[PDB]
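The chain that follows stands alone, in the form deposited in one PDB entry, written as structure tokens.
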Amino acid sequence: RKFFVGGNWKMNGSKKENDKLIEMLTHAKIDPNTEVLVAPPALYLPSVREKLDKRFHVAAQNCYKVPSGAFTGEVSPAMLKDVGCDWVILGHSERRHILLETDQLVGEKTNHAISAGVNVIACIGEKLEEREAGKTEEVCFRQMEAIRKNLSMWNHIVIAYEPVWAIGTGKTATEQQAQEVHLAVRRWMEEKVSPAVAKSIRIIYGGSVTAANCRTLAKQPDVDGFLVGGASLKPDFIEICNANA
């Protein structure tokens, strides 16, 4: 499985700050075998895509589930491709739990983006109370089912596991905790999709990924890379891109 590192800039960006990140990426020494993606705010997708070499993926942080319609404030996969962007992050914890996106809506968005030729990082993960209640797998499998339900092709999907308690808090999952969930999700893929898809699908870890912990997480057999939050805005991102080498 090809190692995959995505940088989620979240709601951070400006012409000046973006240019600084683009310069950092352009002049960085990155393992050529790592797939690298950045996800700027939507206003900046066309300019970031124009300024960054195609070696880097440029992703939207969200999109909707049809090509057009009466959805004030939403953008569609057709629009992403129109501005040269072929990736989207869907189902991020902030969208599910702060902006109230349902499992079903995330599944519909995912099926639509894939149908439109857009690659999807599909995010799943459990809250602290769910983890303490022993419901990590139940939650991850429920969220995965809503994504899997109507999908028949997985070659344009990356799964991102981010425990909600690890997002923005500094409380990174231990490498054993991350490995345990990725292996459980991969074994779910073996029985619910196919062993071939399970062996090839990238499952990346998110949630307080840093230069300091990325190499230990990356060596876990079922961790295939990272979805990076705050550290994607810093030079630390380059070290995370290099975590597998």
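Superpose the two forms; the largest set of C-alphas matching within 1.5 Å is the rigid core. One rule holds for the numbers: they count along the sequence shown, beginning at 1.
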For the C-alpha atoms alone, is the average B factor greater in 202 to 210 or in 64 to 72, going by the entry? 202 to 210
Test of understanding: from the entry's C-alpha B-factors, which stretch has the higher mean, 26 to 34 or 46 to 54? 26 to 34
Considering only modelled residues of the same chain, in which third does the CA B-factor of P221 rank: lowest, middle or highest? highest
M189 CA temperature factor, ranked by third within the chain: middle
Relative to the other modelled residues in the chain, which third contains the C-alpha temperature factor of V181: lowest, middle or highest? middle
Where does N244 sit by CA temperature factor within its chain: lowest, middle or highest third? highest
Ranked against its chain, the third holding the CA B-factor of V139: middle
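We do not show the form deposited in another entry, though everything after this point is about it.
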Would you mind telling me which residue of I167, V158, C85, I114 shifts its Cα by 2 Å or more between the shown form and the other one when the core is superposed? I167
